[PDB]
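The chain that follows stands alone, in the form solved without the ligand, written as structure tokens.
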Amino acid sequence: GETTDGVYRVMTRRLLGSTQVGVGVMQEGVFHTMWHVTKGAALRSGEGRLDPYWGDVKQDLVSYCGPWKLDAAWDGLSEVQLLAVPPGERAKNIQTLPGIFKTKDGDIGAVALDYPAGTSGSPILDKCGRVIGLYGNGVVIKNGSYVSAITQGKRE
């Protein structure tokens, strides 16, 4: 199927009509998404099949066709852009200054932008266009609003 670098919607025909369950990144012939989007199932790209290659429920990440390729990191200072791909809507860049998730194992950047759950897997970018992580695994705060981690994998 299509292997050109870029952002892709992840769809299913299982429920009513065609439903967007998430989003992902194609880079260097490897498709990258969050685990909760596909649950590790195989994907179709036209008449081609993408098989899972690596995954981890705790990191909430999965790669198809090859190992995880994305290794850029948020510098901890600068604004970033969420390249939001919402269901039934055009891809749109939103610039924001990340907050931080503090954990017993270290700190991680977080973006406070709320989109439908089917937007999970949209990439977050730095100023050179590099993917520093994927949006869609996070928490609900007092006001009921959503805050996502900037979730990044490790390039082996």
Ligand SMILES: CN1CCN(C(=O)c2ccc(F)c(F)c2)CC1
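All residue numbers are counted from 1 along the displayed sequence.
Comparing 41-49 with 22-30, the higher mean C-alpha B-factor in the PDB entry belongs to 41-49. Averaged over CA atoms, B-factors in the entry run higher in 142-150 than in the other of 142-150 and 5-13. If you compare the C-alpha temperature factors of 57, 65, 97, 70 in the entry, 97 comes out highest. Ranked by C-alpha B-factor against the other modelled residues of its chain, residue 61 falls in the lowest third. In the PDB entry, residue 36 places in the lowest third of its chain by CA B-factor. In this PDB entry, the Cα temperature factor of residue 116 sits in the top third of its chain's modelled residues, the highest group. In the deposited entry, the Cα temperature factor of residue 106 places it in the highest third of its chain's modelled residues.
There is another form of the same protein, the form deposited with the ligand bound; it is not shown, and what comes next is about it.
When the ligand is superposed onto this form from its pose in the entry with it bound, 3 or more of its atoms lie within 2.4 Å of a backbone or C-beta atom, and the site is blocked. For the chain shown alone, residue 99 is not a contact residue for the ligand in the entry with it bound, no non-hydrogen atom being within 4.5 angstroms. At a distance threshold of 4.5 angstroms between non-hydrogen atoms, residue 67 is in contact with the ligand in the entry with it bound.
Of the heavy atoms in residue 59, some are within 4.5 Å of the ligand in the entry with it bound. Of all the residues from 30-66, those having a non-hydrogen atom no more than 4.5 Å from the ligand in the entry with it bound are 53, 54, 59, 63.
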